[PDB]
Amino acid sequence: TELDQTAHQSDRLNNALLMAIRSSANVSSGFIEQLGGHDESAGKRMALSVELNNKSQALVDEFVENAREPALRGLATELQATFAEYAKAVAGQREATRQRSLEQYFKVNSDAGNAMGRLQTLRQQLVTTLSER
């Protein structure tokens, strides 16, 4: 029973991070589509970025709710905080894209890239801790 919880936790963690980076990739792609006048195509990218933000946030929330073991509590709260910092940056990318502002996009993009760099290394720390039961 503990082991089936582990697989659900792993699906939540991996899907959350894949959907989160896809959310940012979509809004960047959509910004470029707007630059090229592909304005209908760009709306599909923006909608997917929004949806992927919502779905990935829900999975992080579930992961943290279910990571009660003492070895995981601190790291899971670190994940919650770093993920929130990433999601805030991607929300900033969406707002820059709606305003069609190259400079607003640059401002927040460094925050996005730095938080995702940390999410990759934090994910590996979580995978190590999950596998040690």
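Basically, rigid core = biggest C-alpha set you can superpose within 1.5 Å across the two forms. Position 1 is the first residue in the sequence shown; the rest follow in order.
Trainee: How do 83-91 and 37-45 compare in 5 other deposited structures of this protein: which one has C-alphas farther from this form after the rigid core is matched?
Mentor: Higher average C-alpha offset in 5 other deposited structures of this protein goes to 37-45.
Trainee: So 64-72 or 85-93, which one's hotter by mean CA B-factor in the entry?
Mentor: Comparing 64-72 with 85-93, the higher mean C-alpha B-factor belongs to 64-72.
Trainee: Determine, for stretches 6-14 and 20-28, which one has the higher mean CA B-factor as deposited.
Mentor: Result: 6-14.
Trainee: Determine which member of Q57, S41, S49, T77 has the highest CA B-factor, using the values in the deposited entry.
Mentor: Each of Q57, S41, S49, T77 was compared by C-alpha B-factor; the highest is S41.
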